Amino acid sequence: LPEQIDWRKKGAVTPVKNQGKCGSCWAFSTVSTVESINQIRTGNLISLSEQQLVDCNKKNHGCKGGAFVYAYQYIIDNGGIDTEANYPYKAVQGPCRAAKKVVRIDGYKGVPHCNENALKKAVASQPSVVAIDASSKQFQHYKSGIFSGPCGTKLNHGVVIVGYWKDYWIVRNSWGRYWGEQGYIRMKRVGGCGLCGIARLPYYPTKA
């Protein structure tokens, strides 16, 4: 496995987005991994719709929260997801609109829990979604450098790992460019269930 990898440098990641005052991180994180796997498999980088999930993914709760599994499942069952351009983000749940099926995935797989070595292996293949505890003030006000806590392991926020280094994970957040390092945060790799519990619940989409 590569000692380091950054999917942003491989053209598989779209510009940082902002979920605003809506609890839709479950959608932004999941959609991000779908945009990435599509580019890795087809060579085409397309920005997809988070708003579609917020409005139509009924198993989840719009701006009130949701789970990775139901998001990926919705995309699969629905036969695909539309683009950001055709179904723009409003930061508020609204009536589910009819949408085009531009990008599709075949399934999704979970990574063994609290095993950063396995997580590293998955990230080396494609960006993966993970849940973390983002309740600490230190995390919410992070600006730069390698974050090393403090933070607990109570899962309450969804983000995406788009790369790594020997000592840290490169994490893509959905709070816009003005948070952290242009929307990203480097989190120290500490083993066990990971910093802020980042290794507790990882998943990635699959596409033949």
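Start at 1 and count along the sequence shown; that's the residue number.
Student: When the Cα temperature factors in the entry are averaged, is it 127 to 135 or 103 to 111 that ends up higher?
Tutor: Higher mean C-alpha B-factor: 103 to 111.
Student: Of the two stretches 60 to 68 and 175 to 183, which shows the higher Cα B-factor on average in the entry?
Tutor: If you average the C-alpha B-factors of 60 to 68 and of 175 to 183, the larger mean comes out for 60 to 68.
Student: Which of these has the highest Cα B-factor in the record: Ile198, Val16, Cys22, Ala12?
Tutor: Of the candidates given, the C-alpha B-factor peaks at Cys22.
Student: Lowest, middle or highest third: where is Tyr164 by Cα B-factor in its chain?
Tutor: Lowest third.
Student: Please place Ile81 in the lowest, middle or highest third of its chain according to the CA B-factor in the PDB entry.
Tutor: Middle third, going by the recorded CA B-factors of the chain.
Student: Report the third (lowest, middle or highest) to which the CA temperature factor of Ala91 belongs, ranking only the modelled residues of the same chain.
Tutor: As the PDB entry reports it, the C-alpha B-factor of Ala91 lands in the middle third of its chain.
Student: Of the three thirds of its chain by CA temperature factor, lowest, middle or highest, which one includes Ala122?
Tutor: Its C-alpha B-factor, which the entry lists for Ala122, ranks in the lowest third among residues of this chain.
Student: Which third, lowest, middle or highest, does the C-alpha temperature factor of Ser47 belong to within its own chain?
Tutor: It belongs to the middle third of the chain when residues are ordered by C-alpha B-factor.
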